[PDB]
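[1] Experimental coordinates for this protein are included below, preceded by the sequence.
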Amino acid sequence: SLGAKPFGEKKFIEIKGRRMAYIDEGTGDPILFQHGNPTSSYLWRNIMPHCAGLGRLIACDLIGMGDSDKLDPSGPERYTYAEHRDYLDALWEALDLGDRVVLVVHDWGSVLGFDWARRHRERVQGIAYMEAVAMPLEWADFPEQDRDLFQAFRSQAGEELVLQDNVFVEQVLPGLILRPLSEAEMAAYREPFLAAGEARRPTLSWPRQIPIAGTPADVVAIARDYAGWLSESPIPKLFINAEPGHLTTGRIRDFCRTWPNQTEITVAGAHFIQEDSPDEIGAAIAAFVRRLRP
Ligand SMILES: [Ca+2]
Ligand SMILES: [Cl-]
C-alpha cells in the first residue's frame, strides 16, 4: 500500500563526532536501502514492508539529511561526495553488516552504493537499482526541460535557489513524482530543511557533485570505475526501470541494460519512483531477495 507513516523507528549512532539516524529492523542478512537527494530513509517507507522477514531491513539517513546531524560549520565546501562517503562508510562499518548484503539504491544512494559495492565486492549478494547514476553523465542525458535548473544549481545562482528558496525539496521533488503527495508526506520531506541557509546545504552540494561533462573530476573517476566494474560483475542485479523515467533512460539505460546477471521490470514513475509504484517496487525486490536467499 501507500501511506504517510514511516517504516520502523529511528535509531541513532555516533559517527565521527556526529549522530547519524537510521532504520534497522529484523534479523539476518541486511537488505540495505539508500536514499539520495533531497530525500531520506522516509523514501523507502512503503517499500521496506514487502521485505518483512527476508532479512535485516536497514535505511540510513545521509549526513545532514533526515534525522542525521548537520555538519558544523556548514558552507560551500561541505557535503562533497567524499565527505558523505566518509560518514556513510563509517556508519555501515559500525552497523556490522556481515558479508551477504543486498543493496537497494537510488539517485545519490546509487553513486554511494555502487562505489561501496565495488570496494566491498565480496560482501555484496545482490544489487537492486532504480533511477541511478549508472555512469558519468552528459548534459544530453538530462531531460531537456530540467537542464537549465540543474546547470543553475551548478552556478552562483544555486545558493538563492536552494539555501534561500529550498528549490530542490519544494520544486524538483514533487515535480518528478507523478502522483500528488499528501500534506503529511511533504512535511516529512520538508522537515530536515525547514530553516533557510546552511540546513539546506546538502541539497545544493549534491547537484554540484553530479559527475556531468567531466566535473567534478573525483566523482567522474569513481563513477567510471564502478561503471566498468558493474558491466563486468556477475553479482545478481535487479534493474527497476521507470516509464517515462528521468535519469535512467536513453544512453544511461542502454548502458545499464548491458550489465550481466540482471532481471528487469518496468514501473510507472519519473525520478522518485518510490512514491509512484511502491508496491510493484517492493514486490520485485522481495522476489529478488527470496531467489538470492532460498
Ligand atoms: Ca508531481
Ligand atoms: Cl542532486
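    Done, it's in. Residues are numbered from 1 along each chain as shown. Ligands and ions are numbered 1, 2, ... in the order given.

[2] contacts, neighbours, all on C-alpha from now
    Will do.

[3] Strands of this protein, residue ranges please.
    10-15, 18-25, 30-34, 56-60, 101-107, 124-132, 237-244, 262-269 (DSSP state E).

[4] between those strands, which one is nearest to ligand 2?
    Of all the strands of the chain, the one in closest proximity to ligand 2, counting by C-alpha to the ion, is strand 101-107 (7.5 Å).

[5] List the strands paired with the closest one, with their directions.
    The strands beside strand 101-107 in its sheet (DSSP bridges) come out as strand 30-34 (parallel), strand 124-132 (parallel).

[6] Of all the strands of the chain, which one is nearest ligand 1?
    Nearest to ligand 1, of all those, is strand 262-269, at 10.0 Å by C-alpha to the ion.

[7] Identify the residues contacting the residue nearest to residue 142 when sequence neighbours are not counted.
    Of all residues not flanking residue 142 in the chain, residue 247 sits nearest, at 6.5 Å (C-alpha to C-alpha, 6 or more residues apart in numbering). Residue 247 sits next to 131-133, 141-143, 271 when contact means C-alpha atoms under 8 Å, 6 or more residues apart in numbering.

[8] Generate a PyMOL selection restricted to the buried entries among those residues.
    Buried members of the contacts of residue 247, defined by 16 or more other C-alpha atoms under 10 Å, are picked up in PyMOL with:
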select buried, resi 131+132+133+141+142+271
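
[9] Tell me who's in contact with residue 273.
    Neighbours of residue 273 in contact, by C-alpha under 8 Å, 6+ apart: 131, 177, 242, 245, 267.

[10] can you do 6 Å?
    For residue 273, the contact set (C-alpha atoms under 6 Å, 6 or more residues apart in numbering) is empty.

[11] What distance do you get for it to ligand 1?
    11 Å (C-alpha to the ion, to the nearest Å).

[12] I'd like to know how far the residue in the stretch 101-250 of the chain that ligand 2 sits nearest to sits from residue 107.
    In the stretch 101-250 of the chain, no residue comes nearer to ligand 2 than residue 207, which is 3.7 Å away by C-alpha to the ion. Plainly put, residue 207 is 11 Å away from residue 107 if you go by C-alpha to C-alpha, to the nearest Å.

[13] Those two: which is more packed in?
    residue 107 (24 against 21; other C-alpha atoms under 10 Å).

[14] As a check, name the ranges of all helices in the protein.
    Counting by DSSP state H, one finds helices in the chain at the ranges 81-94, 108-119, 144-153, 158, 167, 173-175, 183-190, 201-209, 217-230, 250-256, 278-292.

[15] Please report the number of neighbouring residues for residue 188.
    For residue 188, the tally of surrounding residues (other C-alpha under 10 Å) stands at 18.

[16] The residue nearest to it when sequence neighbours are not counted: how many residues sit nearby?
    Of all residues not flanking residue 188 in the chain, residue 42 sits nearest, at 7.6 Å (C-alpha to C-alpha, 6+ apart). Residue 42 has 21 neighbours, counted by other C-alpha under 10 Å.

[17] what about residue 42, distance to ligand 2?
    Distance, residue 42 to ligand 2, by C-alpha to the ion: 17 Å.

[18] how about the contacts of residue 247 in JSON lines, adding distance to ligand 2?
    Shown next, in JSON lines, are the contacts of residue 247 (distance: C-alpha to the ion, whole Å):
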{"residue": "131", "distance to ligand 2": "12"}
{"residue": "132", "distance to ligand 2": "11"}
{"residue": "133", "distance to ligand 2": "10"}
{"residue": "141", "distance to ligand 2": "14"}
{"residue": "142", "distance to ligand 2": "12"}
{"residue": "143", "distance to ligand 2": "14"}
{"residue": "271", "distance to ligand 2": "11"}
